[PDB]
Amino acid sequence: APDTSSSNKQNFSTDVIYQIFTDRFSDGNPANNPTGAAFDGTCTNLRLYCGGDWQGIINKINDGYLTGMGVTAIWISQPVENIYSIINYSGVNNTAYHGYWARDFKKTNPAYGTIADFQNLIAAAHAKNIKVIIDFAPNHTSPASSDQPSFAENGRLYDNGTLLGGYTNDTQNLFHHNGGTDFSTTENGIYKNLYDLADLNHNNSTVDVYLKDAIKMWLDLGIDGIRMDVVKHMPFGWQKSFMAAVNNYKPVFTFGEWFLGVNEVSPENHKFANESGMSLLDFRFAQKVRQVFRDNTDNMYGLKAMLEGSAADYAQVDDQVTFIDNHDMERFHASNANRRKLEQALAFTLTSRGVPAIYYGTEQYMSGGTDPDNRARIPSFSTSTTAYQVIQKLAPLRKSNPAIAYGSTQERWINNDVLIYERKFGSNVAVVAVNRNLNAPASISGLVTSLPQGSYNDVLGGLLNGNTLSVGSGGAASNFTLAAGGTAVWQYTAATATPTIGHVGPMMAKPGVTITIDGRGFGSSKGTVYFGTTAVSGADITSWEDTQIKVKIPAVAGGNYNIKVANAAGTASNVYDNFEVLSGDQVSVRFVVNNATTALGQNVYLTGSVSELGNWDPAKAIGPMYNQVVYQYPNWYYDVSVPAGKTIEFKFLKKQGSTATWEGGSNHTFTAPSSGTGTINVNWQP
């Protein structure tokens, strides 16, 4: 099948995700609606269930609302069973309509539907070539009070009906009891509760195995992707072992939510996206888009910097899920704002790198402040809004023009209010011009592109006051006026002669797992696939066609490899780097080192005899480790994904910059558990 196929669970760069708050989209089955104080059919009280369910999504998939819009994927509220409690927060009732208060990860939320409903949703979506992404929040269960077990459902956790435990009398230690986080440090936000939500303890073997079994159930139901909740608040090491469990079983596109505020650029964020096994929601992108197109707190130079910067900071910038708003921000469109601002931001997102996500209702110009005002019931299913048409004309380009799905990004013209950028991939080009200035035209002269000579009609058909472009030889465009608020798109597509890799997924797995290599020019006959210097050809290449290769990871030593392919004739393609071959199945192990004194700015790291520990390379050591919550300085700890059942030798390092001080004596040694979790506690050897 082609890279653009709806059965491609490893690549969403050619797709356009429609984010659905299930309860606020469409009530297709009144029978499963909550009752009494937990419900409001007029959806006036935005904190109670309104009725939106899976049958409603099924209906909107079948009657063409999403299809006609160009949406090829949907991201829905967490499907697992939530608590039924109606929490009174300072006189205001609240329900689990949002689905973030899980109680049983192996059951569905009856308000959304039954298992069978979920199955029908998967079938209906797939029958219309629409992938399905589910929210999954393994960080916590639900609101709880340690010294007041009658509050809500005490954050109780069930395993397909069987009670595992609650927050009160947590003798099994299923949850954390370190208080609540103030978000002061990453460590503080990971091992303490988010608000009053019972924080699950992933170092507890029961919780670890439970969650991994849970996701498998959903993978077996046919989901095509996963949206991980508050990933900045779970041990990164455990999450990596979680992604390995997923990828070593049934890999699906996974992205986590790591909030970034205005102007925030986080190296940690980058590292997590580059090494965890999942990508992230592109907040850096979204926040900059808001500044530039919505709030007027930065200009195109800032947008350009974000694009060039993120392209350098993210190893797979193309896996980042972009958006202009969501359920935790005020709607992009302000009631008294010019609608063109939302339209331009939309056009920009749909033609930029990554995986665009559109918050339901955006195409209907929904306005609304912070939660819950941004979660109103969609007021209309009209296909006649300008925003709907914008998405309709641009979303399909991600499928037909690989330059938009996998292309590089280059600024070709710019000033305070104007940005004309170019996307390129093989014999494919797309040029996008945007003028954020709603009252001032822009005279564009000197624009140079990679577009072949000729005349190009605006793909938006002038919908956003775009214009026709005239390109001479050398790709130089002749002078033109870019209208106020003008937005235009010009493109060129043709067959690519040389093998070009535009995407690889998953990016982390053990030998034997099948990965997907997408792009153009691979040819119809099986060629060769390279993992570093290692050549793979023949039978281990399960299937091969011009835009997609399905190949099994060779039994090479664990490590980081460059992926490359060659066609039947032997012509090599570009290199897709940063692929991680695991050393085998993974288990999460907490490493603890005592009496490791340091000077300010100096931190302790972990290094060892397996790639998962950086194979003794200081620059690849795990850390910096923690020393605040679970253990206090001079004791340090860190949860790490390591190969199950392997005997591993390790040591700890004290690093400042790239300068490293090694533990003295002999290597520490231990054997990772075959499954479940583990903890190794040792002393620092001077």
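For every residue, the number given is its place in the sequence shown, counted from 1.
**Q** Taking the mean of the C-alpha B-factors per stretch from the entry, tell me the winner out of 152 to 160 and 579 to 587.
**A** So the stretch with the higher mean C-alpha B-factor is 152 to 160.
**Q** May I ask you to compare 175 to 183 and 345 to 353 by their mean CA B factor in the entry and name the higher one?
**A** Between 175 to 183 and 345 to 353, it is 175 to 183.
**Q** Check the PDB entry and point out which of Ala144, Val529, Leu260, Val321 has the largest C-alpha temperature factor.
**A** Result of the comparison over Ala144, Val529, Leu260, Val321: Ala144.
**Q** Taking the Cα B-factors listed in the entry, which of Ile226, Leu419, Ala497, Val551 comes out highest?
**A** The record points to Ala497.
**Q** Can you tell me which third, lowest, middle or highest, the CA B-factor of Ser641 falls into for its chain?
**A** Its C-alpha B-factor, which the entry lists for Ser641, ranks in the lowest third among residues of this chain.
**Q** Consider only the C-alpha atoms of the modelled residues in this chain, order them by B-factor as the entry records it, and name the third containing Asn247: lowest, middle or highest.
**A** It belongs to the lowest third of the chain when residues are ordered by C-alpha B-factor.
**Q** Could you look up the Cα B-factor of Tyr100 in the entry and say which third of the chain it sits in: lowest, middle or highest?
**A** For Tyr100, whose C-alpha B-factor we compare with every modelled residue in the chain, the answer is the highest third.
**Q** Split into thirds by Cα B-factor across the chain's modelled residues, where does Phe21 land: lowest, middle or highest?
**A** Middle third by C-alpha B-factor.
**Q** Would you check the entry's CA temperature factor for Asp540 and let me know if it's in the chain's lowest, middle or highest third?
**A** Bottom third by C-alpha B-factor.
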